[PDB]
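Naming convention: chains lettered A, B, ... in sequence-line order (proteins, then strands); numbering from 1 in each chain. As the structure lists them, so they are numbered: ligands from 1, and atoms in each ligand from 1. Because only heavy atoms are used, hydrogens play no part in the values below, and waters and symmetry mates are left out as well, while side chains stay in.
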2 protein chains.
Amino acid sequence: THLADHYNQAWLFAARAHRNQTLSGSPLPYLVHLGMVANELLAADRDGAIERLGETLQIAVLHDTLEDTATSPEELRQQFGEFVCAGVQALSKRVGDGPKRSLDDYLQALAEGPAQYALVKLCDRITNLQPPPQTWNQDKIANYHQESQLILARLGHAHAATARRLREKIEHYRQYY
Amino acid sequence: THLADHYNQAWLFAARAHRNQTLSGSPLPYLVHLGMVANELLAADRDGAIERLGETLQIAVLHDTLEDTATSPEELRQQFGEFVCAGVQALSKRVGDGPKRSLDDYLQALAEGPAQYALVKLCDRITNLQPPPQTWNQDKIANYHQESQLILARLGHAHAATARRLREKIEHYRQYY
Ligand code: NI
Ligand code: NI
């Protein structure tokens, strides 16, 4: 199955799953975020080849479906397979409000699991170090910069080129507070 | 500067320009189409390296901005440069107002110009050979299939792997009518 057909399947599923959803505080669709995370992942493969690239790209597109949508793990396993479902679960803090995992346990499990899932989190965090919403106070931007530093420390092992990019984005983000 | 930074600048620009625009008879944002076309372009590079990949990826994201949005050639030239502006113009049948070019002239100009612009048109047509919209009759699906065969004939020289993928998509599409 062609890489672009893997993307399309996950992309249409995500566009449906996130249909009511914007970027926080923006009229723009949440799909804007997912497009950037998937692109970072496919660009990462050019600077260090990824095993199971097609499934990893689907995980990049689908990584918010269990947290933010009516999507179930059984739906992901049946349509995309165990490796994709497990990736989305690994990247989910909470499956809706429910029993939220702490950042320590969440990053540890990503560090000890398949490297492709940790790489998707690196790409997600690179995407989230765009300039912050105008609404964010100094303390909120500082907190986010700090949590970014922990993500690089705990998950940067997963892909050297992507870790270098995330380090550069973290250094850049400092100017915003 | 990084391929993902090129994508992000064009992607945010396109999300805003196309903000009040949907897919054909679907409530999903038009951005769903642009994500697939840009992903096809980046995937094509893995099967045959593209000169000026970053700018070509921006053209893939921006290719409908002059036809469908308030965007001016001036804004594209100032923000993305002449090569991107010229690509979007090459891929525009009409720039908002001004006469519509006929397909013969449009395809000839893409065939005789920069191959990267022709490659973006191959990726667009690949994307458009998903199952047809549920409101198209047999004659319309047949007409679209026929136009697709003309695009492969006139533009397939631009990238051998992508022409092979378009031929496969054209063969698959016959099933829908
Ligand atoms: Ni995310
Ligand atoms: Ni298009």
Do the side chain of B:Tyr106 and the main chain of B:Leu91 share a donor and acceptor less than 3.5 angstrom apart?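 Flag set: sc B:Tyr106 to bb B:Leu91 pair under 3.5 Å.
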
Can any side-chain N or O of A:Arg101 pair as donor or acceptor with the backbone N or O of A:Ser92 at less than 3.5 Å?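 Side chain of A:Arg101 to backbone of A:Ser92, a donor-acceptor pair under 3.5 Å: yes, one is there.
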
Among B:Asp68, B:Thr69, B:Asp64, whose side chain to side chain donor-acceptor pair (under 3.5 Å) with B:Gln21 holds?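 It is B:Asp68, the one option of B:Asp68, B:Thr69, B:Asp64 that forms the side chain to side chain donor-acceptor pair (under 3.5 Å) with B:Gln21.
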
Going by distance alone, is a donor N or O of one side chain under 3.5 Å from an acceptor N or O of the other, for [X] and [Y]?
X        : Y        : result
B:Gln58  : B:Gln9   : yes
B:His159 : B:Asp47  : no
A:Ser102 : A:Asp105 : yes

Sort by chain and number the protein N/O/S atoms that are closer than 2.8 Å to the Ni ion (ligand 2), and list them.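 Correct list: B:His33 NE2, B:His63 NE2, B:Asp124 OD1.
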
